[PDB]
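Letters A, B, ... mirror the listed sequences (proteins, then strands); counts begin at 1. Each ligand, and each atom within it, is numbered from 1 in the order the structure gives.
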Amino acid sequence: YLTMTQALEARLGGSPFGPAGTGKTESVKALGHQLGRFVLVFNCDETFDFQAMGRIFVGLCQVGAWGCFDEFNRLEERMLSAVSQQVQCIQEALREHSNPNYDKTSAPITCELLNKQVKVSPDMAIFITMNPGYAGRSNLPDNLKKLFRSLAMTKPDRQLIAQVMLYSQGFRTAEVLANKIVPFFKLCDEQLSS
Amino acid sequence: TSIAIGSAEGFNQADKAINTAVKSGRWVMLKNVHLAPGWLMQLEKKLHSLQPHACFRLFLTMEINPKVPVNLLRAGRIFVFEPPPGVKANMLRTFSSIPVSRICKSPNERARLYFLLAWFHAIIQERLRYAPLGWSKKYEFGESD
Amino acid sequence: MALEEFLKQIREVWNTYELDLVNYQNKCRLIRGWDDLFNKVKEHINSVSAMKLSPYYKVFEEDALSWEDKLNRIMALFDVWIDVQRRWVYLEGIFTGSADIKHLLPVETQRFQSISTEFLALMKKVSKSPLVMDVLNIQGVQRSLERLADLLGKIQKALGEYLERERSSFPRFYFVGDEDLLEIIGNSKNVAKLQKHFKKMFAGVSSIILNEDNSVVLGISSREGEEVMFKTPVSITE
Amino acid sequence: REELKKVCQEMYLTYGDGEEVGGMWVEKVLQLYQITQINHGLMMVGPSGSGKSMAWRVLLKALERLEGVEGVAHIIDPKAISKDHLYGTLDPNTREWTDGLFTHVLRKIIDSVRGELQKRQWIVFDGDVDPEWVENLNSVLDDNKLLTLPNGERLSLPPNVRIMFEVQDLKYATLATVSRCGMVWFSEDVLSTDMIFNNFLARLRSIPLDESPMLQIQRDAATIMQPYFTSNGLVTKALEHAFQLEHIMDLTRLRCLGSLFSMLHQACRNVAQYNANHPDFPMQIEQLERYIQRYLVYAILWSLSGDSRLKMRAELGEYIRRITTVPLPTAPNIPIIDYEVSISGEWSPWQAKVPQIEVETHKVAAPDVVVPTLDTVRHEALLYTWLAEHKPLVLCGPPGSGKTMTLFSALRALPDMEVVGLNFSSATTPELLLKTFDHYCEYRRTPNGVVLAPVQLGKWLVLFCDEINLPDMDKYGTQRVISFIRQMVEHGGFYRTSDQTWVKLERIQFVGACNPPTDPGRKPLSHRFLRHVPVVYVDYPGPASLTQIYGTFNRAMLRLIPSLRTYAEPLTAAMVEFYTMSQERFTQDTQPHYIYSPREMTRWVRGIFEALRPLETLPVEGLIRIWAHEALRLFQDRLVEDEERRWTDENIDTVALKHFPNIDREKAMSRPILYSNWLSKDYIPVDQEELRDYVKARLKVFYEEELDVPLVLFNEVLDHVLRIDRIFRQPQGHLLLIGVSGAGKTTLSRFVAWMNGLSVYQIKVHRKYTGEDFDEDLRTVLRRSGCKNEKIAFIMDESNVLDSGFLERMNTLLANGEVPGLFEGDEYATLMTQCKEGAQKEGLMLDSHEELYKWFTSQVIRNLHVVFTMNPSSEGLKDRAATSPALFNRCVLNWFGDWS
Amino acid sequence: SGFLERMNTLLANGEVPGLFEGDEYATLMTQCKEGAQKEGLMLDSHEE
Ligand SMILES: Nc1ncnc2c1ncn2[C@@H]1O[C@H](COP(=O)(O)OP(=O)(O)OP(=O)(O)O)[C@@H](O)[C@H]1O
Ligand SMILES: Nc1ncnc2c1ncn2[C@@H]1O[C@H](COP(=O)(O)OP(=O)(O)O)[C@@H](O)[C@H]1O
Ligand SMILES: Nc1ncnc2c1ncn2[C@@H]1O[C@H](COP(=O)(O)OP(=O)(O)O)[C@@H](O)[C@H]1O
Ligand SMILES: [Mg+2]
Ligand SMILES: [Mg+2]
């Protein structure tokens with residue numbers, strides 16, 4: 001939450017990264033729901049080309065919704081480089097939305113997307129979720145990596161999650177049950193056959 | 001005119017920008033050109049047969065990549081951007097990057113803070129040269145941070 | 001000899017079965033009860049097959065064979081028909097409820113007017129004799145429905161630019177596909193079919209709350225049944 | 001459990017509780033149901049033939065019966081189609097979205113036009129999992145339960161839909177996919193062999209093989225075979241021992257069991273045929289029992305060791321004789337595999353059906369003529385048994401061993417099947433099969449769905465794919481065409497991607513041929529594919545078998561010249577000896593094209609016969625000279641280095657002197673062995689200087705008439721033009737000239753074509769040459785050579801190959817003389833018109849499109865000669881050995897090399 | 001006189017009813033289709 005709100009205030013995007021199952025997409029969605037935002041989750045792949053991403057960005061800007069692009073590094077490197085332009089334009093529009101001189105009584109703020117002027121709502125944001133450990137995944141160009149603030153989400157606190165979920169579900173012995181069930185999962189991982 | 005290479009619209013935009021800037025004398029920059037080596041070859045061939053305006057400048061931002069054609073490398077002038085050689089060079093580059101006015105604001109303490117920041121940066125980045133000891137892995141502590 | 005009883009009951013059902021027709025905005029008489037008709041056909045085909053497994057089937061083979069053919073000819077006829085009707089319902093609401101589409105897409109408007117004329121003529125013929133067996137016996141009707149469906153599908157692919165403009169009008173339509181957007185625009189009059197398209201446009205809104213006459217939006221509801229009632233209800237007539 | 005018991009009873013499956021047989025499988029079904037109740041995404045992971053498919057099918061039926069909710073399963077092979085065809089394509093030009101297979105199925109369920117939301121929908125991904133297609137399901141298997149398409153559309157998973165994966169391994173799936181699914185692990189021990197035997201026997205007793213006398217025969221056969229199909233019985237022990245042996249392909253339990261079950265079904269059919277042919281005396285219990293026991297042990301031998309060497313077959317026979325109580329032949333040293341089972345119920349030697357035939361003198365070394373042999377008759381009987389059941393089968397063996405010959409000889413005994421040849425390459429996709437289906441078959445709409453059936457009514461179409469293990473295997477271990485064939489064989493159909501419609505095959509059968517998977521360029525076939533196809537190993541004929549076949553051929557040949565008859569025995573021997581030495585000297589480890597097979601000796605016999613045909617008399621010297629000339633043309637033309645050719649020369653000398661003593665060495669084998677029919681009417685030896693003068697005069701004419709490029713003659717040029725002329729005179733004779741650029745390969749080819757009257761055709765390639773241009777050029781040359789009876793030399797360089805599609809088209813054209821998908825649409829109509837005009841011009845009564853196309857293919861085969869030129873590269877040659885196999889099987893390879 | 005008959009039909013009607021037939025008519029239909037989608041008309045029926 002701290003890193004992503006810092007990115008949002010700087011009008012940048014958020015990039016949680018780490019292995020699978022660490023709660024990156026759900027953390028982004030939870031932060032979006034905490035601010036009452038419409039968070040749209042996209043499962044990106046190599047077919048998310050420049051035009052498709054441009055249209056998605058147009059929809060997000062006009063609606064004012066959050067775009068959580070999971071598996072972002074599955075795009076082709078050329079397509080990532082091309083999309084960096086649209087991301088930069090959207091961030092520039094968002095940044096000029098925060099200036100004090102401009103007020104809502106002036107002309108609406110638009111950005112250049114897909115050779116058209118698209119109004120940018122201030123509520124929109126772009127988040128990318130990726131696992132940089134998979135082999136064969138694309139490497140993000142530096143000009144696109146500089147538009148996102150990254151955070152390593154590698155080790156979720158399973159003990160606290162289990163304790164709180166069991167406590168909220170009505171288990172009277174939730175603390176002991178969690179302290180028994182999380183080490184049990186660790187033992188199953190490190191004791192059974194591979 | 002800054003254009004990110006990788007899409008067909010990007011190639012068309014680059015061609016149009018170069019065509020207008022060779023006459024108007026404006027600057028064109030193309031980023032991540034190492035992602036299209038064949039278009040780079042044809043770009044070098046196009047650049048050879050031009051007589052542009054005296055103020056025209058084309059910049060090709062790229063990563064050090066063997067797929068880059070050598071004819072383009074010979075045609076243009078190469079500048080290598082890499083970590084500064086030492087702590088002193090790192091701090092000098094940091095102080096060059098930050099504008100003088102931004103450091104010198106009404107609070108007089110700001111400058112010292114900036115200096116501290118620079119030093120801190122110049123430390124950690126240099127520790128990247130010692131891969132297992134300085135850190136556990138090559139983190140990308142860069143200009144964005 | 002219960003096989004003869006099965007034949008007589010099937011024949012009685014199919015000579016007393018008629019299509020279920022309802023006026024549609026004072027323009028034609030559309031069909032409901034697609035599920036009932038389909039279930040009837042499926043169970044009759046299954047019973048015919050079970051008879052074909054019977055050891056007394058030979059003496060009633062011919063007649064039974066005839067019936068399955070008829071049943072098949074029913075099922076093939078109304079699998080296309082429903083699609084046709086649906087593609088008409090949300091297209092007639094687009095080429096008549098919109099004024100700029102006539103000027104922007106003249107070829108599509110003319111083609112859809114031709115298809116609408118043929119569909120309405122066929123539907124009047126259906127309304128004259130709503131017996132399912134009578135409608136099946138119309139000469140060259142299956143080919144007519146197949147051609148109608150093909151042409152309607154061809155018109156659907158020609159509305160891409162109009163749908164893009166409509167998306168520009170209401171931004172959330174950017175998260176809705178082409179066919180679903182066509183359905184929304186066509187059935188804007190009958191909001192009862194819009195309820196399944198809200199989950200694609202909103203984070204938690206699954207349906208809207210409407211009054212008896214479906215003219216005022218009293219509020220919204222989620223998928224879990226939770227309701228939010230508006231302080232100032234939205235009027236659809238205005 | 002009660003519902004499962006009823007469903008398994010009706011499905012001929014074994015049900016059990018706890019420690020009973022089937023208890024573990026029923027527990028697995030219950031665990032699968034529990035996992036369905038918790039997860040919307042499931043993975044049934046386990047070795048091939050572990051009961052996963054039956055588990056989820058029985059669970060679906062039992063749930064439908066128990067809860068009253070109808071269950072519909074959509075089975076998709078995600079790797080038998082492209083990922084674009086599976087998820088959908090966004091057109092780059094018009095930005096219009098076209099649904100894939102999974103996307104279309106999910107959207108149809110979501111719309112629920114026909115009440116799809118009131119049913120239990122199971123989308124089963126029955127195929128390999130790799131992180132390319134399954135990661136697009138990451139949101140589907142995640143708590144989001146959304147399919148997000150690139151066009152911005154989001155499809156929510158309905159609560160009644162389950163996404164299931166039925167896989168045999170997860171060695172390529174990433175952790176992101178494994179963590180999102182509920183795993184059910186079906187061990188191979190879950191499906192015991194006892195349940196497989198019980199299912200086989202139940203289906204035999206309940207289902208008639210005809211479509212009752214047949215049922216009664218099946219019931220008595222099952223009663224006879226019941227003692228052997230028990231735990232620790234004959235079949236289980238035989239399987240346990242056969243697992244210890246080594247086979248040409250990896251052995252799986254269900255491959256052997258399915259082969260054995262097909263054999264037993266054929267045995268029941270044989271008993272029925274015997275009863276039909278003997279209405280007065282039906283087969284009695286004693287005779288039936290003896291016949292069934294003998295046929296059972298025979299089928300065990302031919303199923304559990306039919307894909308191994310003769311040594312392993314002998315070992316299995318010895319072990320069976322050691323363990324079994326079935327009466328067996330009393331021969332001291334003869335292994336059982338040489339004994340068949342007569343319908344009378346007694347062991348009968350195979351050698352009794354191998355007569356010492358005498359081939360006609362005009363049919364020697366003919367493609368159709370098959371000299372009967374022990375291995376030949378055994379393999380023909382096995383292929384008849386497998387084909388008659390319409391079971392897909394695989395012929396594995398070294399190239400030129402006789403797989404195609406054996407298959408066609410067996411198919412001659414089956415008149416109701418028409419065979420279509422397909423030549424797989426490394427670039428083969430299911431598109432080749434789809435083009436063949438478009439040509440030879442027809443899609444028809446029936447009340448049950450779309451059915452693809454052959455145009456000719458009452459006949460079975462047999463798709464003979466010749467290189468099934470060549471197609472490229474993905475980096476995730478999958479061959480797409482092999483997955484497509486497995487889908488067609490197991491599920492009896494495929495998916496038409498034009499409208500995502502399930503198409504059911506009817507009267508379509510699959511036969512494959514392949515080299516052993518240890519050969520370069522050959523990949524091991526998938527186990528899930530192999531369980532449906534029995535594999536029979538066709539090895540090279542031995543020295544005795546080769547001696548028999550080619551002694552018969554040489555006798556029938558030398559009957560032309562009576563004075564030479566006494567040399568039939570040595571000649572053949574010499575042939576065999578030399579061939580063996582060559583096959584032992586030049587192996588594929590040195591050069592990829594160093595492959596010597598009985599095809600070489602067949603061409604040897606055919607060339608000697610073609611030389612001897614017009615001659616009225618000859619000394620032994622002339623026969624030895626022709627023998628040496630054919631040996632030089634067959635074993636030395638492909639050689640690369642000079643020491644290999646020197647070895648070939650000196651060893652031809654040694655072999656000819658050893659097997660033909662008391663002959664004049666110099667008269668018969670003077671070193672410059674040249675033959676030509678240019679200076680006479682017969683293929684007679686020609687002097688080097690007279691040939692040089694004649695070629696000089698012809699070149700002087702050639703410069704003025706066709707190509708004004710002066711040439712310098714030398715002995716190698718004369719030899720090369722003679723070699724080219726030899727192939728330009730043969731039907732379907734294609735050349736592969738390998739040599740340095742500028743060595744005159746193209747010029748000599750054009751010059752020899754000008755002599756032979758061939759019209760030289762070269763594709764005019766430029767910078768913007770595409771696949772469509774090559775297809776148009778192929779149509780032009782095929783129309784000229786097939787519709788207008790024009791002899792054409794199609795000359796092509798490796799520089800002209802701008803894509804692998806060019807090589808695929810050329811591979812098909814060289815191997816078959818026809819490209820199934822080349823002429824289509826208006827092109828096919830115009831081709832049929834021109835073919836009809838050409839056929840009526842040649843005085844043939846042909847009007848049907850099938851016979852017109854067959855005549856066109858025959859004309860192309862007889863008239864088109866393809867010359868292929870490339871540089872002598874090593875990696876390039878090794879790559880082309882797999883990318884276009886026909887280039888090394890249907891093209892005579894001539895190594896011009898550099899000028900010495 | 002056949003030349004004048006064909007020309008009379010072509011001048012008066014704009015097409016000759018029997019000029020295109022067999023493979024010629026199929027090729028004409030293919031080209032007419034491609035030309036129609038080239039001009040922005042979606043036609044596949046032979047009559048239209
Ligand atoms: N419970 C059972 N009782 C008897 N026979 C069974 C039972 N389960 C499966 N079989 C039979 O054994 C074989 C196993 O095939 P099945 O389709 O179940 O395997 P699978 O694990 O799904 O294989 P694959 O991954 O290759 O498709 C089939 O011939 C099937 O009819
Ligand atoms: N028993 C036999 N009788 C006659 N010819 C044989 C026999 N065995 C092998 N041959 C010869 O061996 C060659 C085998 O070639 P082919 O059947 O095409 O092998 P493959 O199917 O492996 O390509 C044939 O040309 C055939 O003449
Ligand atoms: N035997 C020869 N004598 C003289 N010139 C030759 C001879 N063979 C080839 N050439 C030269 O090679 C050229 C054509 O070579 P070509 O046959 O196309 O090479 P490739 O064998 O690579 O196809 C001609 O211009 C000719 O001058
Ligand atoms: Mg995620
Ligand atoms: Mg299975």
- prompt: Hey, does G400(D) come in under 3.5 Å of ligand 2, counting only N/O atoms on both sides?
  reply: yes
- prompt: Can an N or O of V371(D) be found at a distance shorter than 3.5 Å from an N or O of ligand 2?
  reply: yes
field: ligand 3 atoms in contact with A743(D) (distance to a heavy atom under 4.0 Å)
entry: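 Numbered from 1, ligand 3 contributes 21 (O).
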message: Distance under 4.0 Å to a non-hydrogen atom of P710(D): what atoms of ligand 3 satisfy this?
response: 4 (C), 5 (N)
Can you confirm, on distance only, whether ligand 3 has an N/O atom lying under 3.5 Å from any N/O atom belonging to [X]?
{"X": "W899(D)", "value": "no"}
{"X": "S741(D)", "value": "no"}
{"X": "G744(D)", "value": "yes"}

query: Once you round to the nearest 0.5 Å, how far does CD of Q356(D) lie from CZ of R555(D)?
result: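 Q356(D) CD to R555(D) CZ: 4.5 Å, rounded to 0.5 Å.
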Nearest to [atom], what protein heavy atom do you find, and at what distance?
{"atom": "atom 22 (O) of ligand 2", "answer": "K403(D) NZ, 2.7 Å"}
{"atom": "atom 25 (O) of ligand 2", "answer": "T602(D) OG1, 3.9 Å"}
{"atom": "atom 18 (O) of ligand 2", "answer": "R599(D) NH1, 3.6 Å"}
{"atom": "atom 6 (C) of ligand 3", "answer": "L711(D) CD2, 3.8 Å"}
{"atom": "atom 23 (O) of ligand 3", "answer": "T746(D) OG1, 2.9 Å"}
{"atom": "atom 7 (C) of ligand 2", "answer": "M405(D) SD, 3.4 Å"}
{"atom": "atom 21 (O) of ligand 3", "answer": "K745(D) N, 2.7 Å"}
{"atom": "atom 12 (O) of ligand 2", "answer": "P598(D) CB, 3.5 Å"}
{"atom": "atom 11 (C) of ligand 3", "answer": "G742(D) O, 4.7 Å"}

query: Below 4.0 Å from any atom of ligand 2, is there a heavy atom belonging to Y540(D)?
result: no
query: Looking only at heavy atoms of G397(D), does any of them come nearer than 4.0 Å to an atom of ligand 2?
result: no
Centroid-centroid under 6.0 Å between [X] and [Y] rings:
{"X": "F484(D)", "Y": "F494(D)", "value": "yes"}
{"X": "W604(D)", "Y": "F635(D)", "value": "yes"}
{"X": "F714(D)", "Y": "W899(D)", "value": "yes"}
{"X": "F510(D)", "Y": "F464(D)", "value": "no"}
{"X": "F896(D)", "Y": "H720(D)", "value": "yes"}
{"X": "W895(D)", "Y": "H593(D)", "value": "yes"}

- prompt: Between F408(D) and ligand 2, which residue portion shows a heavy-atom distance shorter than 4.0 Å: side chain, backbone, both, or neither?
  reply: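 None of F408(D) does.
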task: Please state which part of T404(D) comes within less than 4.0 Å of ligand 2, counting heavy atoms only: side chain, backbone, both or neither.
output: both
- request: Indicate whether atom 14 (C) of ligand 3 is within a distance of less than 4.0 angstrom of some protein heavy atom.
  value: yes
field: Which N, O or S atom of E166(D) lies nearest to the Mg ion (ligand 5), by name
entry: OE2
From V709(D), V712(D), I795(D) - option closest to atom 2 (C) of ligand 3 by heavy atom: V712(D)
message: Can you tell me how the ring of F751(D) sits relative to the ring of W754(D), calling it parallel under 30°, perpendicular over 60° and tilted otherwise?
response: parallel
statement: All heavy atoms of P47(D) vs all of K52(D), minimum pair found to be O-NZ, 3.1 Å
field: N, O or S from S53(D) under 2.8 Å to the Mg ion (ligand 5)
entry: yes
Short N/O/S contact of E490(D) with the Mg ion (ligand 5) (below 2.8 Å): no
- request: Examine the proximity of ligand 3 to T747(D) and report which part, side chain or backbone, both or neither, has a heavy atom under 4.0 Å away.
  value: both
Any donor-acceptor N or O pair under 3.5 Å, side chains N469(D), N515(D): no
